[PDB]
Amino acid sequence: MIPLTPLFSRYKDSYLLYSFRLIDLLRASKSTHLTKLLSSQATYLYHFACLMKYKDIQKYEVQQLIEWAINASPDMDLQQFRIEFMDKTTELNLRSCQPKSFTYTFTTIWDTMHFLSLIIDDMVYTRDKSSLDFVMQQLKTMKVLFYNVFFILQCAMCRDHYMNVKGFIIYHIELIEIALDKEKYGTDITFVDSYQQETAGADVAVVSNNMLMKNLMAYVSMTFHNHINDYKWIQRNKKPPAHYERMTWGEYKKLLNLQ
């Protein structure tokens, strides 16, 4: 599974904060259509939180927690939902889905996207080559999760930039789907250490090749992270300042102790 490091536990806590803030909104859903959309996302978010923790999605326990948050008092004040959330969560033995910190920043959102990426890379590396059925389904859920990233926070240019470029991320998830599918039909995945080797092996005329960068999604999501911060200087019409430092792959791997 995934290396335990300080950053990864910030990711894990940020991710539960993001989930908690998305079920909070359930209360306020004036829209039938918005309620169902949030129900599915909250379902899926806690599915992947329980999966890594209990080794089981707990479909009927999280199903309870959703009913609750939709049928919750839609006239709370911040903590007026938090309090009973802890009260609800523990009656379902889901306390390990309670966030420790509640300060919701842009890094809550980044941490959550990086978190899901590490889950995809882990699910793929620890795949049993029989229930490819399982992993391939989760990848589909992951695309659905990255497609509907709620900001909760209000930043309209962030929201419109992402809708324009998020397909960069979803594209690489689908690369993995092609890789798992090629393995189901007898061509094992050849894991490679560089994104550039995966680029080189994609440029073939036949379908018989199957290379995939190890920790693809950690690399994709970080490159994407750099890209958003690269581009914000254009939206702001400034030269990138000297204080601006970009994440390099080798340093990112070091911080999360990836091999």
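Residue positions are given as counts along the sequence shown, with the first one as 1.
- Query: Which has higher Cα B-factors on average according to the PDB entry: 209-217 or 56-64?
  - Reply: Averaging CA B-factors over each stretch, the winner is 56-64.
- Query: For the stretches 86-94 and 172-180, which has the higher mean C-alpha B-factor as given in the deposited record?
  - Reply: Averaged over C-alpha atoms, the B-factors run higher in 86-94.
- Please work out which residue in 226, 43, 194, 32 has the highest C-alpha B-factor recorded for this crystal structure. Within the set 226, 43, 194, 32, 32 shows the top C-alpha B-factor.
- Which of these, 222, 204, 26, 234, has its C-alpha atom at the highest B-factor, as the entry lists it? That would be 26, according to the entry.
- Task: Consider only the C-alpha atoms of the modelled residues in this chain, order them by B-factor as the entry records it, and name the third containing residue 129: lowest, middle or highest.
- Result: Highest third, going by the recorded CA B-factors of the chain.
- Message: Among the modelled residues of this chain, does the Cα B factor of residue 185 put it in the lowest, middle or highest third?
- Response: Middle third of the chain for residue 185's C-alpha B-factor.
- Item | residue 108 - Cα temperature factor, lowest/middle/highest third of chain | It belongs to the middle third of the chain when residues are ordered by C-alpha B-factor.
- What third of the chain, by the recorded C-alpha B-factor, contains residue 81? Highest third - that is where residue 81 ends up once the chain's C-alpha B-factors are sorted.
- Item | Cα B factor band for residue 137 (lowest, middle or highest third within the chain) | Ranked within chain, residue 137 CA B lands in the middle tercile.
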